[PDB]
Amino acid sequence: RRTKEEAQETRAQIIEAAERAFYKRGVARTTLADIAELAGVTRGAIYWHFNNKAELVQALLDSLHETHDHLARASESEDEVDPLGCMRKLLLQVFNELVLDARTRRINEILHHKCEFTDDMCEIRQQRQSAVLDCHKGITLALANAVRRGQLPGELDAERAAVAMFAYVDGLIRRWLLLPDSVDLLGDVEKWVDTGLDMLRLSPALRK
Amino acid sequence: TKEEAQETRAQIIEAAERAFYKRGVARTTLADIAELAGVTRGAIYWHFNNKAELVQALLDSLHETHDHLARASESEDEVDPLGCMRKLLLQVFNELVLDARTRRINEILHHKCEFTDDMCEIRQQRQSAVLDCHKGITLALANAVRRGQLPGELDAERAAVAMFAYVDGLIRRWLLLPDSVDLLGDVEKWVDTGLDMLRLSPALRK
Ligand SMILES: Oc1ccc(/C=C/c2cc(O)cc(O)c2)cc1
Ligand SMILES: Oc1ccc(/C=C/c2cc(O)cc(O)c2)cc1
Ligand SMILES: [Mg+2]
Ligand SMILES: [Mg+2]
């Protein structure tokens, strides 16, 4: 109809086909030409939207923020009266979306288990570094806010606590992707979130 | 001869580490590895049925250093099982940071090895290996519980999952962003942060 609307539809068809192809065959051996054929678009069209497969990987990775942005910004705001509470809701939502949404599950499985870091495509590792560094910044801000509001210990090492928490969450996600039946991540989602928050609130090793 | 076969196998393993680390698992073939190792006339296929088996050899190689401390933590006659586990985890992080071989293998497993349907054995062998680690961790913690070193109502299974998640995530964080974690200089605090989760979180109780 209109150029932009047609372009948005094409882009979304490609991204969806990229998910399916990376998920079955992996990033290393999938080409844009392969994804174009699975999306039912021309090679000219796919290369118009994405210059290389690293950009297509980044589009998938960037798409994981959208759902959580509301709660993340709230937990990071200094004006929030209950920053720790926003973090808990954020973490529940992170796990809930991972188990229930096929798309989110698929993308995380791509990023964890179907995407390699090779100097052949150095930007895949550089983008991952940027993404994690950025999430670390946000976590540190929300923990520092929680400390200032009396919700976490006064001498918490916010930086180290932020690493601890991300490690725990990232490991649990990867474990659930590898062995879903090993973890009732949905039925016990509150215990899994609270286990991680307990570490930050109670461990003396995380204090200055 | 035994010696020359064992030496050829080792040369292949070290070559596989170099090739996988540079180009990744997905696109590296056994023939490429043999070319890098300088092994000829089909030698690699006598030592490894396929590429998955060679990946499993690298992962299996990580257990050797820690087997003593791991088995001790699992022994029902061990009087200090949690101390053996703390010694274990300190060694895991020290080796990661100090040993080029261990770091490089972990970077391969975490960041340079796809799981594909074409080669389903990689994912299945990783499942079995994590399940075996989890079985051992659970026995260590149950031992620690039995010996009054962790809370009597600890859910040993969920605790074992939590400890593994934290450790696995921290390694992977250190591999991606080394300068964000003083893993060696602060090793004791990183190990105790995780142990504190098990010792202290009410959410891991039954
Ligand atoms: O405070 C926190 C807020 C968010 C998170 C999310 C971590 C995460 C790690 C992954 O490997 C995949 C993913 O989709 C998310 C962790 C801590
Ligand atoms: O109690 C525990 C004993 C051992 C471990 C090992 C974890 C681990 C995770 C990795 O991704 C790589 C690795 O080389 C080791 C975790 C907990
Ligand atoms: Mg989302
Ligand atoms: Mg070793």
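All values below come from the heavy atoms of this structure, side chains included, with hydrogens, waters and symmetry mates left out. Each ligand, and each atom within it, is numbered from 1 in the order the structure gives. The sequence lines fix the lettering, A, B, ..., with proteins before strands; numbering per chain opens at 1.
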(message) I need the atoms of ligand 1 closer than 4.0 Å to a non-hydrogen atom of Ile173(A), numbered in the order shown.
(response) 8 (C), 9 (C), 10 (C), 12 (C), 13 (C), 15 (C)
(request) May I ask you to list the atoms of ligand 2 that are less than 4.0 angstrom from any heavy atom of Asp168(B)? (result) 9 (C), 10 (C), 11 (O)
(message) Below 4.0 Å from ligand 1: does a non-hydrogen atom of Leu90(A) turn up there or not?
(response) no
(message) For atom 3 (C) of ligand 1, what is the closest protein heavy atom, and at what distance to 0.1 Å?
(response) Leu91(A) CD2, 3.9 Å
(message) If the cut-off is 4.0 Å to any non-hydrogen atom of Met87(A), which atoms of ligand 1 fall inside it?
(response) 1 (O)
(message) Cation-pi check for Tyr21(B) against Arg104(B): NZ or CZ below 6.0 Å from the six-membered ring centre and within 45 degrees of the axis, yes or no?
(response) yes
(message) Could you tell me if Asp32(B) and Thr29(B) have a donor-acceptor pair between their side chains, going purely by distance under 3.5 Å?
(response) yes
(request) Look at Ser61(B) and state whether any of its N, O or S atoms is less than 2.8 Å from the Mg ion (ligand 4). (result) no
(request) May I ask you to check whether over 12 heavy atoms, not counting those of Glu37(A), lie within 6.0 Å of atom CD? (result) no
(request) Check ligand 1 against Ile139(A) and write out every atom of the ligand that is under 4.0 Å from a heavy-atom position of the residue. (result) 1 (O), 2 (C), 17 (C)
(request) Going by the salt bridge (charged side-chain N to carboxylate O under 4.0 Å, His left out) test, name the single residue among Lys22(B), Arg27(B), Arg23(B) that passes it with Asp120(A). (result) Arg27(B)
(message) Under a 3.5 Å threshold, yes or no: a donor from one side chain and an acceptor from the other, between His134(B) and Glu157(B)?
(response) yes
(message) Residue-level breakdown please: for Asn106(B) versus ligand 2, do any non-hydrogen atoms fall below 4.0 Å on the side chain, on the backbone, on both, or on neither?
(response) side chain
(request) Check ligand 2 against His110(B) and write out every atom of the ligand that is under 4.0 Å from a heavy-atom position of the residue. (result) 10 (C), 11 (O), 12 (C)
(request) Using a strict 4.0 Å threshold on nitrogen-to-oxygen distance, state whether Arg73(A) and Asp69(A) make a salt bridge. (result) yes
(request) Give a yes/no answer: is there an N/O/S atom of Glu64(B) under 2.8 Å from the Mg ion (ligand 4)? (result) no
(request) Restricting to N/O/S, name the atom of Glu95(B) that gets closest to the Mg ion (ligand 4). (result) OE2
(message) Quick test: of every protein heavy atom, which one is nearest to atom 6 (C) of ligand 1, and how far off is it to 0.1 Å?
(response) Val169(A) CG1, 4.0 Å
(message) Can you see whether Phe164(B) has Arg175(A) sitting over its ring - NZ or CZ less than 6.0 Å from the centre and within 45° of the normal?
(response) yes
(request) Answer yes or no: is there a side-chain heavy-atom contact under 4.5 Å between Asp170(A) and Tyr166(B)? (result) no
(request) Look at ligand 2 and say whether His66(B) reaches it with a heavy atom at a distance under 4.0 Å. (result) no
(message) Looking at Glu16(A) and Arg20(A), is any side-chain nitrogen of the basic one under 4.0 Å from a carboxylate oxygen of the acidic one?
(response) yes
